[PDB]
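[1] As a preliminary step, the opening chains of the complex are given here in situ:
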Amino acid sequence: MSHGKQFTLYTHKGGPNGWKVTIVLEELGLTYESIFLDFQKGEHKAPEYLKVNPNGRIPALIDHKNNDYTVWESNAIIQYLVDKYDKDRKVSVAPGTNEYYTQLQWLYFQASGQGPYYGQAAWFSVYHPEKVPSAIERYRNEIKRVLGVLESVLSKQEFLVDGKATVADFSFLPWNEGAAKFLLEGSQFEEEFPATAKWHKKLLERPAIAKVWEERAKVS
């Protein structure tokens, strides 16, 4: 491609799910061009992009070193990336093992248990055209539930897929940061979910991830 990096990444300056992918890209030392879409201008619903993802959401990924193979859904992308490009197993477990499917389990918990429900909280709190306290409450409570699920595990073992930091852990970061900052009361995160918070903060301190967060902060 013209930008000359291995990957095109369709993403967004603010939402968590593009940064979710970016984290793994950086961890794997891969090169990528971030294409930031403007939702306000409906760029995610435009014909050109719908070609890339007919869901018209971000993120999506094009691998210019693989016959411009294109894939979307953040955790699908992430699976592609570690499987193909983490053969040394820095931040992932091997395909074709029991552990792989525990890894996958946690990725699915992330993509279907954390993201969607956190996002409903996001929506109703700020962006819903009327305030609905019952709806707000519902999804506030679910955030707490999900966090409690994580706490129940992380208090007993260091990482989700026991033994080592993996993408399974990384995948939770952007949504959990959102919640820590704007969906929960300040200090509720540290107080109520001490294990999870430690696990989260330490991960953000990985050099690669810290790098990405810096960039995140910049396009704030």
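    Good, I have the coordinates. Residues are numbered from 1 along each chain as shown, chains lettered A, B, ... in the order given.

[2] hmm, what's the outermost residue in chain A?
    Going by Cα atoms, centre = their mean, the residue of chain A most distant from its centre is residue A:130, 28.1 Å out.

[3] Can you give me the neighbour number for residue A:134?
    For residue A:134, the neighbour count with other Cβ atoms under 10 Å is 7. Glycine gets a C-beta too; all of them are placed from N, C-alpha and C.

[4] Spell out which residues make up each domain of chain A.
    By the assignment in curated CATH domains, chain A contains the domains A:1-91, A:92-220.

[5] and the residue farthest from the centre of chain A, how far is that from residue A:20?
    30 Å (Cβ to Cβ, to the nearest Å).

[6] Do I have it right that residue A:132 meets residue A:125?
    No: with contacts counted by Cβ atoms under 8 Å, residue A:132 stays clear of residue A:125, the gap being 10.1 Å.

[7] So between the two, which is more surrounded?
    Ranked by neighbour count (other Cβ under 10 Å), residue A:132 and residue A:125 place residue A:125 first, with 15 against 10.

[8] Which residue, neighbours along the chain excluded, lies closest to the more buried one?
    residue A:136 (5.9 Å; Cβ to Cβ, 6 or more residues apart in numbering).

[9] Can you get me a residue count around that neighbour?
    Neighbours around residue A:136, by other Cβ under 10 Å: 16.

[10] Quickly find the element holding it.
    Secondary structure from DSSP states H and E places residue A:136 in helix A:133-154.

[11] wait, what's in contact with the residue nearest to residue A:125?
    A:121, A:124, A:125 (Cβ atoms under 8 Å, 6 or more residues apart in numbering).

[12] The following sequence is to be added as chain B:
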Amino acid sequence: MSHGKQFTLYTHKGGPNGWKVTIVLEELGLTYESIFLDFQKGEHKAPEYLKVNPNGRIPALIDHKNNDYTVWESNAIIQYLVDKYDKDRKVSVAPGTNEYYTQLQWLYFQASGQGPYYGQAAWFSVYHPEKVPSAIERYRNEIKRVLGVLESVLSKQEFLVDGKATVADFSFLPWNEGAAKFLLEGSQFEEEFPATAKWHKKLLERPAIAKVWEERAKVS
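    Same chains as before, plus chain B:
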């Protein structure tokens, strides 16, 4: 195990996500004992089950032919099952191929784009302690959007992962059936999403799936 089948499946008579797994089990000709949990009696939140899934939801899977390896999240289970036990690739594509990650993409779209949002529709329509038309509307519309995404693809190609029915296709069945019957206006499904509906109805006509649906109907 005492029930003497290869798998234990923790599931529920009514919800879609247990039947989602059951479909694949039957397609693969595997043996399993279905353990139906009673939500009304909080059996999904009880200590014994939380051991199996600390998320305290169904489904979850124990493979008594694999050192009672246990895994949860419907599409994680499903990935385990086809990867390990579909080596002949009846209803799945091979690990370590480009197609695998398009398969995975669609599974993630199912688990995070269809299930959660359909479920919010389910919740607000019937079970939310107050009626909120804006919330109802939101998730009704999202059902339509998701269906429109499927229609945009399925009108152009026979199956999601082009060439052959796969678990990617199967995974959509239970939620889409729910919507067809109770979340949309009758005949809205056939009229507004003609490609998707055909794809859905034909799948339900696969011998294995039709079998499962019969059983579904029985525990109605």
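
[13] The neighbour count of residue A:134 again, this time with chain B added?
    13 (other Cβ atoms under 10 Å in any protein chain shown).

[14] quick one: contacts for it?
    B:128, B:129, B:130, B:132 (Cβ atoms under 8 Å, 6 or more residues apart in numbering or on different chains).

[15] ok, of these, which come out buried?
    Listed as buried from these are B:128, B:132; burial here means 16 or more other Cβ atoms under 10 Å in any protein chain shown.

[16] Among the contacts of residue A:134, which ones lie close to chain A?
    Contacts with chain A within the contacts of residue A:134, as defined by Cβ under 8 Å from any Cβ of the partner chain: B:128, B:129, B:130, B:132.

[17] Now secondary structure too, for those, in a markdown table please.
    Listed next are the ones next to chain A among the contacts of residue A:134 as a markdown table, based on DSSP: H, G, I helix; E, B strand; the rest coil:
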| residue | secondary structure |
| --- | --- |
| B:128 | coil |
| B:129 | coil |
| B:130 | coil |
| B:132 | coil |
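
[18] still on that earlier bit, and the contacts of residue A:134, which two are the farthest apart?
    B:129 and B:132 (10.1 Å; Cβ to Cβ).

[19] contacting residues for residue A:183?
    By Cβ under 8 Å, 6+ apart, the neighbours of residue A:183 are A:118, A:121, A:122, A:125, A:140, A:143.

[20] Just the buried positions in stretch A:208-215, please.
    Quick answer for stretch A:208-215 (16+ other Cβ under 10 Å): A:208, A:209, A:212, A:213.

[21] to the chain's geometric centre, what's the distance from it?
    Here stretch A:208-215 shows a centroid-to-chain-centroid distance of 14 Å under the convention Cα atoms, centre = their mean, to the nearest Å.
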